[PDB]
Structures are given as structure tokens and as C-alpha cells.
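What follows is a short report on a single structure.
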Amino acid sequence: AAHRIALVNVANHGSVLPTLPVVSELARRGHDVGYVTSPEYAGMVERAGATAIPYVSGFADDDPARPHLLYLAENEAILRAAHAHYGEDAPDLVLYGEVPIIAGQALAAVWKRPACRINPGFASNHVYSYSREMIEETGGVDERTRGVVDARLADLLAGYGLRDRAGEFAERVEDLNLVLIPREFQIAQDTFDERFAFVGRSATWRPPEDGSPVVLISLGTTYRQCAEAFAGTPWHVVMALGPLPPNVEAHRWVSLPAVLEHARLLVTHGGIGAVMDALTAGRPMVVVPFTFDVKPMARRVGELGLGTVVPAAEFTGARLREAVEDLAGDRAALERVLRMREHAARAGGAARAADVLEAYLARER
């Protein structure tokens with residue numbers, strides 16, 4: 001019937017924003033969702049239909065162990081808020097993000113409850129692992145750093161009598177995983193078994209009236225060469241970032257899905273949220289990967305022929321203008337993107353995610 005869900009997640013846009021349609025679907029079906037989040041995202045998750053569970057947390061600085069210790073501190077802070085909020089009456093399911101996996105698994109073990117991981121982007125297994133690729137890009141781990149982190153993890157789990165489970169919590173694959181991308185976009189997709197549900201994602205501005213082709217440019221946290229590149233061209237350029245030609249439009253923030261309804265191409269930094277937006281809109285994209293985290297997405301857009309990858313080292317105004325006009329007139333790419341849009345629509349979205357989560361709790365797994 002109506003279940004109790006503890007949605008345990010880290011509090012940032014990339015983690016919280018994609019989970020909100022799932023929260024809404026569950027809430028609409030009458031499920032009591034408790035969202036462990038920070039006070040800044042508390043109103044956001046409550047407007048989505050959840051009950052906010054706030055969490056707040058406050059040696060060396062250059063230390064390579066510092067990011068891992070802060071990660072464990074956040075996992076501890078999350079774990080404390082959830083455990084204290086529910087107390088004696090445990091929820092029916094532990095829905096946790098692909099970042100607080102120590103907190104999520106500890107809670108599930110303590111409460112003796114089924115758990116489910118939420119992967120907004122790529123899912124990881126023995127064949128492909130977005131985490132293993134991420135760890136190497138962040139420089140990997142030395143033996144000294146491994147010892148520091150391995151101990152503080154065991155110390156963290158000791159307070160819940162789970163010290164002997166540090167190894168599995170860090171390495172194991174969850175019994176169920178909601179993956180917020182279509183199966184067809186996933187790297188080594190045919191290797192992902194029954195434990196992964198590829199449900200994809202569920203879903204003010206006026207365009208030029210003359211009929212000018214529109215290109216949306218939304219890159220990272222890095223806006224002059226782009227405007228100078230499309231100057232004198234028939235393109236209408238919509239730019240997002242935090243002297244312009246008449247055809248170039250600039251805004252601090254832009255609704256990517258709203259503009260993509262009128263634009264034929266997206267110039268993106270490679271974020272899975274933006275890639276998913278283009279895919280849902282059926283628009284090819286030009287990916288410029290400035291950060292390491294988007295490198296798998298950039299590689300995947302390229303190998304599926306859903307767009308063009310311009311390396312950050314090779315990026316100039318001219319190369320962008322060249323990539324945009326080349327990919328815009330490419331019928332082959334457009335057909336592949338529209339086909340990928342059908343896959344994304346067929347994924348099931350938040351409605352199927354809820355159907356999957358209900359099926360899981362029906363003691364079917």
C-alpha cells in the first residue's frame with residue numbers, strides 16, 4: 001500500500017534536481033518520502049512532495065586524504081540525521097544517491113531494510129565503473145592515503161557495529177539501482193543485469209521571429225570569442241554564464257528545455273543533466289569537456305554519433321562555429337538523436353521508477 005521511503009542524498013543540484021520528479025511520483029501515489037538534505041535544498045524537496053530531514057556538519061589542507069575525509073564527514077552527518085529522525089520506527093525502503101553510499105548502506109543494515117541506489121548518470125558494474133574512472137581522474141589513491149581513509153571508514157561504521165562491513169559497503173553493487181538515463185546511452189549496457197532499472201528522466205522565453213536558426217550555448221564555470229565567432233552569421237545565439245552582436249543573446253541563467261524547443265543544436269560542457277535535456281529535445285550537441293567528470297559523457301556522445309566533441313585544448317571561436325554549422329546540416333546525426341529521443345521517452349521516467357520501487361517492496365526482490 002502506502003510505503004515510507006527515506007531518500008538519503010548529498011545536497012547539491014546535480015544530486016537533488018534529477019530525483020525531484022521521482023519524489024513527486026511517489027508522493028502522488030501516497031508514499032511518505034523523507035528526504036535527508038541540507039536546509040538550502042529543504043524547500044525544494046518539500047515542494048516536490050517530500051518531508052525534509054535537514055543535516056548540518058559545522059587537520060591538514062594540501063593533504064590528498066582531505067577530499068576523502070570530507071566525503072566520510074558528509075556520509076556521517078547524513079547517517080546521523082536519518083537515524084535520529086526515524087528513531088525506533090524504521091522506514092520501508094532506503095533510497096540513496098550514488099554519493100552517500102556509506103550512509104545509505106549503513107542505514108539499510110541498521111534498520112534491516114531493503115535499499116535502492118539512484119544513479120542520475122552512468123551506472124557502474126565489473127565491466128564499466130564511472131567511480132573507478134572518476135577515482136583515476138582525481139589522481140587515484142596512494143597507500144598512505146588508503147590507510148588513513150580505511151581506518152576512518154571503519155571508525156565511522158564502528159559506531160553502528162558495522163566495522164567488519166567497510167569492504168563490501170565500498171565495493172558491492174546494490175540489489176536495485178534506479179538509473180536516470182536510457183539503457184541505450186549506458187556504456188557497456190548489455191553487461192548490466194536485473195539489478196539495474198534504466199528509467200531515464202521525466203520533464204518565459206521568446207525566440208527570434210525572422211526564422212533565424214537558434215543555437216544554445218551553456219558551458220561550465222569558465223564568453224567573448226563565441227559572440228565574435230557568430231557575429232555576422234545568420235545564427236541566433238542564446239548564451240548562459242555568470243559589446244555583444246545583435247544576433248547574440250546573453251543571460252546569467254536559462255531554462256535549457258524551454259530554449260531547446262526552438263533551437264536546433266546545444267553547445268554543452270557535457271553534464272548528464274544537459275546531455276539528457278538535448279536527448280529529450282531530440283537535438284544534436286557539440287560537447288566541449290573542460291572538467292574530467294564529463295569525459296565519459298563526451299566520449300559516449302561521440303561514439304554514438306549524437307554529436308561532436310571539441311577538445312578544450314582545441315577550442316576557439318572558429319572551431320565552435322565550424323562544429324555548429326557542420327553538425328546542424330548533418331541529417332545522419334539528427335536521425336540518430338531522434339532515435340535516442342525515442343529510447344529516452346520509452347525508458348519510463350518517474351512513473352516507471354515508482355512502478356519499479358513498488359514492485360521491489362512487494363517482496364519481489
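Values for this structure:
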| item | result |
| --- | --- |
| Other-chain or far-sequence residues with amide H under 5 Å of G34's (modelled H) | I5, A6, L7, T51 |
| Burial ranking of peptide ranges 283-289, 24-30, 206-212 (average Cβ count within 10 Å, highest at the top) | 283-289, 24-30, 206-212 |
| As computed over the chain, the Cα convex hull volume per residue (Å³) | 158 Å³ |
| Convex hull (Cα only) mean projected area of segment 55-104, reported in nm² to one decimal | 4.3 nm² |
| Förster radius 35 Å - calculated FRET efficiency between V173 and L338 (Cβ-Cβ, nearest 0.05) | 0.60 |
| Segment 263-275 - phi-based ³J(HN,Hα) in whole Hz, Karplus 6.51/-1.76/1.60, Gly and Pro as x | 9, 8, 8, 10, 9, 10, 6, x, x, 4, x, 6, 4 |
| Mean Cβ count within 10 Å, highest first, over the residues of peptides 145-154, 13-22 | 13-22, 145-154 |
| Rounded FRET efficiency, nearest 0.05, which uses the C-beta distance separating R29 from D210 and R0 of 51 Å | 0.65 |
| Simple Cβ-charge dipole of segment 203-346, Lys/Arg +1 and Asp/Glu -1, about Cα centre, in debye nearest 20 | 340 debye |
| At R0 = 45 Å, FRET efficiency that the Cβ-Cβ distance of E228 and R365 yields, to 0.05 | 0.20 |
| Range of Cα positions in segment 203-346 per principal axis (Å), largest first | 42, 34, 27 |
| Low-density loop cleavage sites - GluC sites (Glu not before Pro) in segment 141-188, where at most 16 other Cβ are within 10 Å (DSSP) | none |
| In nm, spacing of pseudo-spin labels at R252 and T51 (7 Å Cα→C-beta vector) | 3.6 nm |
| Sum of -39500 (n - 2.57) over DSSP H runs of 4+, divided by residues of the chain (222 nm, nearest 500) | -12000 deg cm²/dmol |
| Separation of alpha-carbon centers, segment 16-71 and segment 283-313, rounded to whole Å | 29 Å |
| Assigned charges on the beta-carbon of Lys, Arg, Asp, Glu; segment 152-264 dipole about Cα centre (debye) | 380 debye |
| Of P257, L327, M239, farthest towards positive along the dipole that unit charges on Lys, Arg, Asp, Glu beta carbons give the chain | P257 |
| Simple Cβ-charge dipole of the chain, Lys/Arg +1 and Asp/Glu -1, about Cα centre, in debye nearest 20 | 580 debye |
| Amide proton proximity set for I181, modelled H, under 5 Å, gap of 5+ | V199, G200 |
| Highest to lowest packing among 359-365, 67-73, 306-312, scored as the average C-beta count within 10 Å | 306-312, 67-73, 359-365 |
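Cβ coordinates were reconstructed from backbone atoms using ideal geometry, including for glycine residues, and neighbour counts include every protein chain displayed. Read-outs throughout are calculated quantities, based only on the coordinates presented, and are distinct from any laboratory measurement.
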